[PDB]
Every structure is written in C-alpha cells, then in structure tokens.
Amino acid sequence: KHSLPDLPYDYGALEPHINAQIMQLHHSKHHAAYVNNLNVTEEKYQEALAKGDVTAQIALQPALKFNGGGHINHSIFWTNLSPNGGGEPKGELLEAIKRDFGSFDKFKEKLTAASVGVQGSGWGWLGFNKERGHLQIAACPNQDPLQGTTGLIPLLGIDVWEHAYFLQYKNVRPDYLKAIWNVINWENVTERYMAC
Amino acid sequence: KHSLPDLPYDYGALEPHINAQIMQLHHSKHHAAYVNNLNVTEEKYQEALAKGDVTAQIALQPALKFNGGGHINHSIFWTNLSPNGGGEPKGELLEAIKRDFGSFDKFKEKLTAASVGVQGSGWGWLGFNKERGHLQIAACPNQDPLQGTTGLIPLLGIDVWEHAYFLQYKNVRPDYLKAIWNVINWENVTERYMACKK
Amino acid sequence: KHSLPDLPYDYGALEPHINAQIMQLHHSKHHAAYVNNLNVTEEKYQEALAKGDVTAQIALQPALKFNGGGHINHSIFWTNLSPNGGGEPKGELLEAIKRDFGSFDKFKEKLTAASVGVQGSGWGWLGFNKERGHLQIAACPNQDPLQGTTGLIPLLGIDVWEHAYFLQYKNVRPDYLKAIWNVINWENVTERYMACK
Amino acid sequence: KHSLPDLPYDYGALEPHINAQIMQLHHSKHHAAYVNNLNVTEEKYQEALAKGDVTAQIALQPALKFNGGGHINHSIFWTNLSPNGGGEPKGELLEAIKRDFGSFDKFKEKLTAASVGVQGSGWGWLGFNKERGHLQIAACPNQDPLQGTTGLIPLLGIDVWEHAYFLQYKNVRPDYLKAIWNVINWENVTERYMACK
Ligand SMILES: [Mn+2]
Ligand SMILES: [Mn+2]
Ligand SMILES: [Mn+2]
Ligand SMILES: [Mn+2]
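Judging from the entry metadata, X-ray crystallography is the method by which this structure was determined, and 1.47 Å is the reported resolution.

Here you go:
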C-alpha cells in the first residue's frame, strides 16, 4: 500500500511564506486523497490486468495518472521545502545552474516564468535531462508527473495549483512564487541532482 | 472591444452559498484579467493575420482560447446565478430534463458527477445539442468554452476551478456543488434553453 | 495473453471496395504488431504494479492505450465488415437509427462527416450510450478505443488511419468512406446493438 | 493569400529513397489541400475577429493549426531534401551536432527514435533552442508546427505521417527513416541554423 508521507517539519514551519492552513489542508486532505484513490485504483488495475481486460485498464488510466501523479509530485514537493531553507545552492548544483541558465537569478526567472505560465492547474519543474546531461525546466499539467511523462528527473517542483496559494495570495501567483524561494530546501535539491 | 460585464447582483447577494469574497475576487480580478488579455490577444491576432504570419497566429491560440474562453464562461456563469434562484425550472426545460435525464434529481446527480469529475481546473455544463435536439451534459478543461470546443449550446455552467470555492469549501468540492443549487437562476437557464427552440 | 484473430473472410473478399493488399498488411502486419506490443506492455505493467512503481506505470500508459486500443479497435473492425455486407440494417437497429439521426441516409452523412473530420489518425464510431439509452456518434484519435476512453459501447467502427485506405484511395478519404458502406456487416452491428439492451 | 510553393526539384528527384509517386501526391494533393483550407480558414477567422465572435474564433482554431501547420511543415520539408544531399553536414552544424548529441551517428539515432516513436501522425524535428542556444530534438503530433507550438526553430523535419512513406515502405517506418538520410539538404539545414545565431 502507498502511504501519506509525514512532512519533514510542522504545518507552520514555512511561515510566513506559505501559511499553516495551506500546508495543513494540502497535506492532510489534498495529498491524502491522492494516496487513498491511488490505492483503490492500483487494486482495480491489478484485477483488470489479471483478466486481460484492456478496456478496463484503459478506463483506469486517468485515475492512475492523476492520483499516482499527485502522490509522486506532492511527496517530492514536501522534501523540496524547509524552514531552514532559502538562499542559493552550492557546489556542483550551483555551477550546473550557472552553466545551463547563465546565473542563479536567470534560473529563478525561467522557473518562475514556467510556473506562472501554467494555464489552469499544474507544476513548474527544474529537472535533469539524463540523455543531454544537463538541467532543463519544464511545466506539467494537473498532476502529470515529470519523470513519468517526460523522462526528466525531478529536482525541484513548484506546485501552482490554486490550492497551493489562493488562501494567502489570492489570484496573485507571482507573489507566491516570489515568496517560495525563501523556503526551498537546496540541500534536498542538491541530493536529487547528485543522485542522477 | 470586449468589456467586463457588471454582475447582475452585489458581491454578497449569493450568501451564504457562495460568499462575497469569492464573488468579488472572481469578478473584479479573475474575469477582469481575462477580458484585458482577450482584447490584447485579439489585437495581436489582427496584426498576425494581416501579415499572413501563420506561426504567430498559432502561437497566440492558447492565450485566445484561455482568455476568450474565460470571458465567455464567466459571462454566462454570472447570469446563471441569482439571489432569487434555486428550486426547479418549470415548463419545457423541466420536461426536457425529465425526458433526457429521467428526473430533475437525476439530472442534478449527473451534472454534479461531471463537475466533481473534473481533474484539475475546468467546468461542468448543461448544454443543448442542436443536431440531436436534446439536452447534453459535458465537462470542459481549464477555460475551454463549451460551444467553441464542443458545439453544444451552454445553458448552465458550474465553475469548478479551485478559486470558485476554495476560500469557503477548501478541498470539499462536493459541498460547493450541493450549495450552488440554491442560487441557480433557472429563469436565465430557461431563457437560454428556449432560444435553442425558437 | 492476447492473440491475433483470424479475419472472418479472405484478404481479397472485400474487393473492390477495400483491396486485398490493404487488408493483408492491415491484419497480418499492423494489427499483429498491436497484439505483440500489447502483450509486452501488459507484462511490463505487472512488474511495475507489483513493485508500486507508479512512475513506471504512468510511463507505460501511452503504449498500453495505443497497442491495447489498436487490438480492441481492429478486432471489432474486422467483424464489422463483410463480403456479403452493405445495404442497411433492419428492425430495432433501423428504428433507433431513424429515431436518433432522422433516417439512415442522415446517419451515414453524420458518421461519414465524423470520420472525414479526424485530423491525423483515428476512428469514427457509431456507439451506444448506455446512460441515455440511445445511439451516439463519436470520433477517437489514434488508437484510443471508444469504450475505454468515452464509455460508449462500440457498434460500428470506421478506421480512417491512412494505412486503411491510402494504397487504393490515396489522400481521398471521402472516396474510401463512400466505398466502405458497401461492405458494412449490418448483421454484426445489429448483434452488438441488441446486446446493449 | 498563401500559395503552394514549387518544389526545388522534380518529383522523381529523390529516387530511390522517396519515390516519385509519394512526392507527387504529397506535394500536389496533400500539401495543396492545406494551402486551400488555410486560406479559407484565415478568411473565416478574420470575419470572426472583426465581429468580436470569440466562440467562432475558438471553433476555427483546430482548422487553423492543422492546415496552417500543414503549410508550415511541408514548406520546410521540401527545402530540407535534395537530390544532391545526404552524408554529413559540412561546417559548424556538424560541430553543433557533435556537441549536443555526442556524434553524428548518435544524433541520427535520436532523431530516428523521436520519429519512429510518434504514435499516429506527426513529425520528428531537429530544432534550435534560442533561449539555451543549442540544438534540441522534438516530436510534434499531426500538423502542429514546431515553432508555433514549442518555440524551437525548425532546422530539419522528418514527416512520419503514413502518406509520407506507406506506398513504398508499407508499415515499415524505420526503413523510410533509414532511407531519408540519403537526401537531407544540409545546405538548407545549415542556412536555418545560421539564422538562429
Ligand atoms: Mn498540490
Ligand atoms: Mn472561474
Ligand atoms: Mn488500422
Ligand atoms: Mn505530410
């Protein structure tokens, strides 16, 4: 069974950048529902597959991608944030960002733009392209996960579903983006980088 | 020149079903943004058209559908709600709902399902299929408008973007859908329905 | 584990409406590859499932829908054609078609239009809407199958991938559509329809 | 008003790699239809735009992208081929390919894989990313054009619609991909590349 991961910090730990009510709902209600529905969905697919019921498998794909995507994406996101975060990364990851995007600040502008550019629900990502051996920014719709739908290894995700910011920032998504840099866990992003 | 239409009522007219903060933000910020981006996008398209720049015409399509669709969808949505709304339609529209969906309550179950079923942002619609001469439910992603993308004539729209309910109902989209039945402007939906039969 | 069905007729049986070469390639090569890749993908998806590898499950979805759908769609399509086909259906099916589309000619017009209307590869379908209790026309892209992606029960499918007609009709998909009416197996479409009720 | 560009060579100029029948049909009928439908759609769009009819504009988007894209893609494609082509590109373009893909052969493997991997109709592209200042491989579905939908500047396109190869190669798209390398117009790809610096 899939389980809702524990957060690495308390619901209020990312204040004032992301408030406690957003965090609490996001984790204990939103992501919990993805986990719960992915478990059901995986079970039904196992049944369909055992019968070679191809129609049923195909019909189940939206719930698997959405709930499974949601689980993947939110599990990464929590590890990407920290009450002890913010600042800039160091070492090879910082040099990679400079190599690939010109500078840390240009990188932030491009990931901000990809994140602000999502029309509707979705995610902005910093990923690693294994075949090209460099960093790459991508946007993903709804809960479509980065690696599963594009092959890029996720390093840093920014959730731009309205539930992730509306209570606090209302429709002003760029304000949310500006604030989240203050809580990025660059230590985590660097581990993800070094692992691929 | 497209313009932001005034609401037919004050921001707090739909309380307690849809609160005044949702309404004020929804209209004065969200829809407002779509109107201006629509106008600007249209003017960019006229420039691209005049030069036969097909690449630029295609690059502008996401903004035109998103902002155009948003203007269309929200313009209908406000007219679909009323402080004097709720209850059931009468006449031909109710008999069509019965013939097409079995009963009013079954219709509600089916538009609720369509609306709850949207994964991500989008809209639940009751539409009219002009070719088949009957009612039809459909869901649309993001701001993709009903008639522009499916051919169905919009009768009643239910906005299920999180901005439409999160401040009040948080993740619980079904509680928002339960509530909104209390403020549907069946007079407007009936007007839209009869225009299909004129 | 899935396998390639035999055609109900010989490769040349639908001449002159759909030539022999088109049929032979379409069944022995195209559909065969969907079956083979379907088995391969199901086998990968069970390993992924067993390990809770959700990323791998999602990465396999395009192949499962494409090859899965291909096997589903082609399998129905062969049974929907016949050398003894054509004309128009009878009884309850014909009554529904008049009821839902006006008349048989209007129906043909509508399914033709939906088929001609696919931009790129895909299929036009006459289906049954179980919830509404009536016939419904839909188009599906690529190999996306009708029931698995829309819930409609397939009754008659028209393949408008270029491999289904190009050898013979080149780009003129309307000529193909006109011709295929001559080989529609209405006894099969009827059977599929009665089974929905 | 858009027009069908003449080919830079005769219809049998790319024999035996792409046969004359495919070329003639592809240019004189398939591309010509996109030209016509683009003109019509543009004029309908201008009428819609002049009336403030946003529903009408949005309903025309699929025909504009499909036919407009089809015009863009095929116009590039004819210029990307040559009877005097093949081999490896001369100049900076090869050095860029080696930098971005390792070697020419790995580049051919990657564009081949992107092209073979299109499920249904579409295009494989070698593009240039202006933001990153390097080459990038991308696949596009149907006639969605590279620049208009991804921002990448097209350098080399490989049409993998079935009309582009079925008459000759039947379902064996990889055979077509192998053959087309013999007729790439590197002089034209290089012109498009230098235009990106
Ligand atoms: Mn989220
Ligand atoms: Mn809205
Ligand atoms: Mn086929
Ligand atoms: Mn082509």
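Resuming the write-up.
K.L.:
Give me the state of the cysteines: which residues, what numbers.
P.N.:
Residues and elements named next belong to chain A. The final tally for this structure, using the stated rule, is zero disulfides over all chains. No disulfide involves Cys140; its sulfur sits 15 Å from that of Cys196, the nearest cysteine. Relative accessible area serves as the criterion here: at 3%, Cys140 is assigned to the buried category.

K.L.:
Report on the coordination of the manganese ion (ligand 2), specifying residues and quantitative values.
P.N.:
All names here are of chain B. The manganese ion (ligand 2) binds to the protein through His26 (NE2), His74 (NE2), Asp159 (OD) and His163 (NE2), with metal-donor distances spanning 2.1 to 2.2 Å. The sequence pattern describing where the donors of the manganese ion (ligand 2) fall on their chain is H-x47-H-x84-D-x3-H. Of this pair, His26 sits in helix α1 (residues 20-50) while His163 sits in the loop between β3 (153-159) and α7 (166-169); the two residues are 137 residues apart in sequence, bridging distant segments of the chain. Residue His163 is classed as buried on the basis of its relative accessible area, which comes to 2%.

K.L.:
Could you give an account of the interface of chain D and chain A, naming the residues involved and the relevant values?
P.N.:
At the interface, seven residues of chain D touch seven residues of chain A. Both faces combined, the contact of chain D with chain A buries some 510 Å², and carbon together with sulfur accounts for 31% of it. If you sort the residues of chain D by the area they bury against chain A, D:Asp100, D:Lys110 and D:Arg132 come out on top, with a joint share of 72%. Inspection of the chain D/chain A interface yields two salt bridges. Between A:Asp100 and D:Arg132 there is a salt bridge; the shortest N-O distance is 3.7 Å. Secondary-structure elements contributing two or more residues to the side of chain D that touches chain A are α3 (92-101) and β2 (134-141) of chain D. Broken down by element, the residue count for the side of chain D that touches chain A peaks at three residues, all from β2(D).

K.L.:
Lay out the interface of chain A and chain C with the relevant residues and their values.
P.N.:
Each partner contributes residues to the interface: chain A has 22 residues there, and chain C has 22 residues. Both faces considered, chain A and chain C share a buried interface measuring about 1,900 Å² in area, 69% of it formed by carbon and sulfur atoms. Considering only the side of chain A, the residues that lose the most area to chain C are A:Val54, A:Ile58 and A:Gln61, jointly responsible for 28% of the buried surface there. Where chain A meets chain C, there are zero salt bridges. Here chain A is connected to chain C by four residue pairs in polar contact.

K.L.:
Break down the pattern of salt bridges for me, citing the residues and quoting the values.
P.N.:
Residues and elements named next belong to chain D. The full count for this structure, using the stated rule, is 19 salt bridges over all chains. Here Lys197 makes a salt bridge to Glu92, at a shortest N to O gap of 2.8 Å. Placement of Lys197 in the segment after α8 (186-194) and of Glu92 in helix α3 is noted, with a sequence separation of 105 residues between them. Judged by its relative accessible area of 64%, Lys197 is exposed. Of the residues examined, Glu92 reaches a relative accessible area of 36% and is grouped as partly exposed. Note that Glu95 and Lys98 form a salt bridge whose closest N and O atoms lie 3.5 Å from each other. Note that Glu95 and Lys98 are positioned in helix α3 at a spacing of three residues, about one turn of the helix. Residue class for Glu95 comes out partly exposed when judged on its relative accessible area of 46%.

What counts and what doesn't
Residues numbered from 1 in each chain as written, not as in the entry; some residues may be left out. Chains lettered and ligands numbered in written order. Heavy atoms only, no water. Disulfide = S-S within 2.5 Å. Buried < 20%, exposed > 50% of the residue type's maximum accessible area, 1.4 Å probe, protein only. Donors = N, O, S within 2.8 Å, 3.2 Å for Na, K, Ca; no water. Helix = DSSP H or I, 4+ residues; strand = E, 2+ residues; numbered from the N terminus. Contact = heavy atoms within 4.5 Å. Buried area = accessible area lost by both parts, 1.4 Å probe. Salt bridge = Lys/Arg side-chain N within 4 Å of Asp/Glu carboxyl O. Polar contact = N/O pair within 3.5 Å; in protein donor to acceptor, adjacent residues only side chain to side chain.

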